[PDB]
Protein chains: 2
Amino acid sequence: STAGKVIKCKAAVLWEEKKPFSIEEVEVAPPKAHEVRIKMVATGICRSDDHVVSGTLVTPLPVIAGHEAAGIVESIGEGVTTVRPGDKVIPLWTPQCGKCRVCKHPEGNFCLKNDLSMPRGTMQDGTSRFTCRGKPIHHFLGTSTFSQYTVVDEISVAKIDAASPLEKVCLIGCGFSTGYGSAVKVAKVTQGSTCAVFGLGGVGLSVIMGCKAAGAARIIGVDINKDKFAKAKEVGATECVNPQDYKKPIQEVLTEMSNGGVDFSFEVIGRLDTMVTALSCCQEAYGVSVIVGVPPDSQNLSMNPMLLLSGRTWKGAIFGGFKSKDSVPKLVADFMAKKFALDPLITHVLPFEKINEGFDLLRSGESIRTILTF
Amino acid sequence: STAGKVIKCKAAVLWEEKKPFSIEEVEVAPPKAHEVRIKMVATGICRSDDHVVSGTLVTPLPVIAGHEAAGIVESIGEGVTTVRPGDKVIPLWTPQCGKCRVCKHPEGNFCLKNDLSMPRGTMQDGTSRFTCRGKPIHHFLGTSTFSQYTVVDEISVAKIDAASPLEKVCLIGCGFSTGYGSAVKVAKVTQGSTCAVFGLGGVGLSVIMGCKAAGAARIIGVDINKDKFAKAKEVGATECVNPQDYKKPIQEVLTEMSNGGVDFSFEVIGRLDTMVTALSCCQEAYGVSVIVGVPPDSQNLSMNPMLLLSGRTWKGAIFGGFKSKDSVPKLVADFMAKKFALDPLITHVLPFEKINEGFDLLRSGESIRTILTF
Ligand SMILES: NC(=O)c1ccc[n+]([C@@H]2O[C@H](COP(=O)([O-])OP(=O)([O-])OC[C@H]3O[C@@H](n4cnc5c(N)[nH+]cnc54)[C@H](O)[C@@H]3O)[C@@H](O)[C@H]2O)c1
Ligand SMILES: NC(=O)c1ccc[n+]([C@@H]2O[C@H](COP(=O)([O-])OP(=O)([O-])OC[C@H]3O[C@@H](n4cnc5c(N)[nH+]cnc54)[C@H](O)[C@@H]3O)[C@@H](O)[C@H]2O)c1
Ligand SMILES: OCc1c(F)c(F)c(F)c(F)c1F
Ligand SMILES: OCc1c(F)c(F)c(F)c(F)c1F
Ligand SMILES: [Zn+2]
Ligand SMILES: [Zn+2]
Ligand SMILES: [Zn+2]
Ligand SMILES: [Zn+2]
């Protein structure tokens, strides 16, 4: 067997920003204590993976990216108790150590063991399990799912239902859970409310799904790409608007359409200007705006704090506010019981070897989620 | 009798920015339909009144300022049903019309009839009840309490307990209710939590009172004036820190003191820089920061939205989040029932004729609240 041995396999290595991935052989070390080595089955292309390529997100290079995925445990290191070889699993790019002050807090989920705030591109122990051309290669968010095999810390993996369709439930590893939780858990959308969702990609569609599940009466989708509107309406948008169609700024348009401002707004793009526009369009006394989009590295927004003094609430969240290891298995169980749908998010399927075509589809505006199969 | 007649009385007129009040005779018209004329008994000096003088707040001049006050109804216009001549009352600088979407919302209090967002300096009907030297004089926030008599709209006055000591409960008209509500209602401070309060004036002390009432374990007061610390500890601060004493930025100091960030922070000054510092010092995953201080007119702050993406909540509020006409009588009843103290806020009691000396005490750092007695 492969247990305890280096695995040679193919991965998509990013050597340089603004370049295609290189599909080539890597060496994947065996798992150390409290680590898990996973044979990947499916991985989604999230815009955050593209942010690594574009330098919107800064993480050390060279790197194996990928964070939205599902696979099967190949082997476990010493002392692992929560998964076994042959288990279906979803890697957790937001870990859940269960021990830090955030993991112990009833409403926190941004575990202090994350590799997001101050990215090292390593395992928890500060080292890498990947070699390529004899060179160490960085991890990404402790997951590195753009590889036939990855190694993750135990706090960065959840066991899921053995009957799970991995080519669908990989989306619970990022885009679905993030958008759905941003609506239902972070914003706490109320029955009969009016919501505005800026950005109608996979995450924004999942926000719409959550707003509809919460009983919103109106869900206004906002996108500069009108090709996104049909699917947004299919999953619950009641109106869609394209800011490019209007002479006035879209915050003014949305305030007029909502007879004085929306109850809940969501920024699901990653632009400083739309973060401020989304805040402005929620009602000034009781509105809530949630930032979901990832902003460009190290850039600050400018805003008038009178927008908050009148009573608005502004918040953001990682991974929909979900405590990742507790929540992922429950979300898979709910998917299996048909409590929500994932197919509306999946527009394209490709083999892993066609990863660059999958990124081209995202960048052209044509796809929502492309799922890559190993 | 005065009812139905013009009253000539003394008031403090502000003819231009950055000049002393002029204490002189004005004419006060009788109340029209749905208006109430009040003989003032006591009014507090709030920093927001000083903001009118300093140009921090823009409102039409000339003006009779004052918004934190209590008095006795002299007469009512046709159609008034909520107060009668002889009633003790507190003017409401945030009205409660009861009809607008904000008044009908369970968590809104910034009634759309307010004169804050787009100040007109008038009664609801767009006219003034004040003349001085033959010139019309603007109202301020529908209240204009720096006058022996004022006229307010019915939606801008609350009837209070007939046995109320007006030289104390005038503080329920602004500073106490604002700070206390910002803690208990807006932030929803939890038992055992750690709070940081930036600014230890009358409003910040009231925030501390609310944090202590909510059962906070630690309440860290922050002020550049160490003379403010003794009273802050008297009303519940467990520690006080002066940013000037430190080589590091105070957000770093407060993060260290709180072993990774506070649960709740409050900006109770009115500076863009301390609004961002207060947000930063709350724990990145689950912290809450409330803006209470009034920012300088038309100035934007700069901030990194990653502070929110990790999970922080940022909000602001007017008047502690309290629906004004519902809440003010209950707060007075609570004071009468010894549920909270007001004396710790009152450092000076002066005749109304010494209004300018009262403002000088505030500006010098020497007072918390001066109460002016008519
Ligand atoms: N907070 C989290 O945990 C988290 C998780 C997953 C994704 N993200 C971020 O969320 C964002 C969306 O991800 P995704 O859905 O995969 O991306 P996506 O598929 O690229 O969708 C973004 C959408 O925004 C639209 N858009 C671009 N500019 C504008 C504009 N000015 N106004 C309106 N619409 C515009 C665009 O046409 C597209 O449909 C990205 O920034 C991700 O990095 C955050
Ligand atoms: N949101 C509302 O409804 C509302 C109500 C009442 C007051 N306010 C505002 O709240 C603020 C405080 O009012 P107040 O308590 O009457 O004022 P105040 O009595 O002038 O108190 C302000 C305190 O801030 C301190 N301070 C000044 N600069 C700094 C600094 N850099 N760091 C730390 N401390 C500093 C100062 O020494 C003083 O003790 C003002 O901006 C008011 O306009 C808002
Ligand atoms: O898509 C999820 C996602 C994020 F929300 C980030 F904030 C981030 F930095 C990142 F790398 C990521 F993958
Ligand atoms: O002190 C209360 C108070 C405020 F909170 C304001 F925002 C404002 F503009 C104002 F005039 C005022 F008096
Ligand atoms: Zn993602
Ligand atoms: Zn943790
Ligand atoms: Zn109203
Ligand atoms: Zn005030």
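Residue numbering in chain B adheres to Swiss-Prot, whereby the residues present occupy positions 2-375 in order.
If you check the header, you will see the structure was determined by X-ray crystallography, 1.1 Å.
Every residue gets a Cβ built from N, Cα and C, even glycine.
Lifted from Swiss-Prot, the feature list:
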BINDING   B:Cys47, B:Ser49, B:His68, B:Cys175  Zn(2+) 1 binding site
BINDING   B:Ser49, B:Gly200, B:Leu201, B:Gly202, B:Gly203, B:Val204, B:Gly205, B:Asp224, B:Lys229, B:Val293, B:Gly294, B:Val295, B:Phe320, B:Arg370  NAD(+) binding site
BINDING   B:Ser49, B:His68  alcohol binding site
BINDING   B:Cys98, B:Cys101, B:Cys104, B:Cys112  Zn(2+) 2 binding site
MOD_RES   B:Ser2  N-acetylserine
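Recorded features from Swiss-Prot, shown on the structure.
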residue: B:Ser2; record: N-acetylserine; Cβ contacts under 8 Å, 6 or more apart: none
residue: B:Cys47; record: Zn(2+) 1 binding site; Cβ contacts under 8 Å, 6 or more apart: B:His68, B:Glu69, B:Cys175, B:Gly176, B:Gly203, B:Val204, B:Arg370
residue: B:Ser49; record: Zn(2+) 1 binding site; Cβ contacts under 8 Å, 6 or more apart: B:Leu58, B:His68, B:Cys175, B:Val295
residue: B:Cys98; record: Zn(2+) 2 binding site; Cβ contacts under 8 Å, 6 or more apart: B:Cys104, B:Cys112, B:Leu113, B:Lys114, B:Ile156
residue: B:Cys101; record: Zn(2+) 2 binding site; Cβ contacts under 8 Å, 6 or more apart: B:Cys112, B:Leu113, B:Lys114
residue: B:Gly294; record: NAD(+) binding site; Cβ contacts under 8 Å, 6 or more apart: B:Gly200, B:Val204, B:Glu268, B:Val269, B:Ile270, B:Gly271, B:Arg272, B:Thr275, B:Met276
residue: B:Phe320; record: NAD(+) binding site; Cβ contacts under 8 Å, 6 or more apart: B:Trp94, B:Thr95, B:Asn110, B:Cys175, B:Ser178, B:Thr179, B:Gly182
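Binding residues for NAD(+) (B:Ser49, B:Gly200, B:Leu201, B:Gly202, B:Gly203, B:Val204, B:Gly205, B:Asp224, B:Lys229, B:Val293, B:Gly294, B:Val295, B:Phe320, B:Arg370) extend across at most 23 Å, taking the greatest CA-CA distance.
Among the binding-site residues B:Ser49, B:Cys98, B:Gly203, B:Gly294, the residues whose Cβ sits under 6 Å from any atom of ligand 4 are B:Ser49. Comparing Cβ neighbour counts within 10 Å across the binding-site residues B:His68, B:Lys229, the minimum falls on B:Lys229.
Proximity to ligand 7 at the level of Cβ atoms, with a cut-off under 6 angstroms, picks out B:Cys112 from the binding-site residues B:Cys47, B:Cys112, B:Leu201, B:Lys229. Around the Cβ of B:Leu201 (NAD(+) binding site), 29 further Cβ atoms fall within 10 Å across all displayed protein chains. Taking every protein chain shown into account, B:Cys104, B:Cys112, B:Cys175 are the binding-site residues, and of these the Cβ with the most other Cβ atoms within 10 Å belongs to B:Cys175. For ligand 8, the nearby binding-site residues are B:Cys47; that is, of B:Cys47, B:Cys101, B:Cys104, B:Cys112, B:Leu201, B:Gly205, these have a C-beta under 6 Å from one of its atoms. According to DSSP, B:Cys47 (Zn(2+) 1 binding site) sits in a coil region rather than a helix or strand. Its Cβ taken as reference, B:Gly205 (NAD(+) binding site) is surrounded by 29 other Cβ atoms within 10 Å in the chains shown.
The Cβ neighbour count for B:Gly203 (NAD(+) binding site), using a 10 Å radius and every protein chain shown, is 29. Not one of the recorded positions B:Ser2, B:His68, B:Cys98, B:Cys101, B:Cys104, B:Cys112 has a CB under 6 Å from ligand 2.
Listed in chain order, the residues near the Zn(2+) 2 site other than B:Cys98, B:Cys101, B:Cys104, B:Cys112 are B:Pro96, B:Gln97, B:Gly99, B:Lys100, B:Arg102, B:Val103, B:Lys105, B:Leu113, B:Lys114, B:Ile156, each with its Cβ within 8 Å of the site Cβ centroid. Close to the recorded Zn(2+) 1 site, the chain also has B:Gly45, B:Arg48, B:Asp50, B:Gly67, B:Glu69, B:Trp94, B:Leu142, B:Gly174, B:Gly176: residues not among B:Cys47, B:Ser49, B:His68, B:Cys175 whose Cβ is within 8 Å of the site's Cβ mean position. In the three-state DSSP reading, B:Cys112 (Zn(2+) 2 binding site) counts as coil.
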